[PDB]
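Only one chain is given next, in structure tokens, and it is the form solved without the DNA.
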């Protein structure tokens, strides 16, 4: 019953998601400077293609605050395939259980917006 608070970054290229130190955290006016830390989780979807065979769709990366989402128990910097970490300078390395996850039944997803001067890899 839980989803990301933001819309996804679609991976159109061959390279995985990666942000330079300090960049990557989506803008949220309902959050404070201490909360600006989390991870992007890759979600690949498979569909029945025009030839009957299963084919992959462009991967989607969803942001979740630290201590929240499908990898709530993972600490910052944890090595896991499909998980990349982001944190703004000044955010505290503590769980963000007060923000948590979004319930789509009563909350719309916030359009993913990166701060001014955020660099994204090719195909994003």
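Residue numbers count along the first chain shown, from 1.
Separately, the form solved in complex with the DNA exists; it is not shown, and the next lines address it.
- Checking 78, 92, 43, 27 against the DNA in the bound PDB entry, a heavy atom within 4.5 Å turns up for just one residue: 43.
- In the bound PDB entry, at least one heavy atom of residue 104 sits within 4.5 Å of a heavy atom of the DNA.
- Within this chain, residue 64 lines the site of the DNA in the bound PDB entry, having a heavy atom no more than 4.5 Å away.
- At a distance threshold of 4.5 angstroms between non-hydrogen atoms, residue 73 is out of contact with the DNA in the bound PDB entry.
- Although the partner is absent here, residue 60 is a contact residue: one of its heavy atoms lies within 4.5 angstroms of the DNA in the bound PDB entry.
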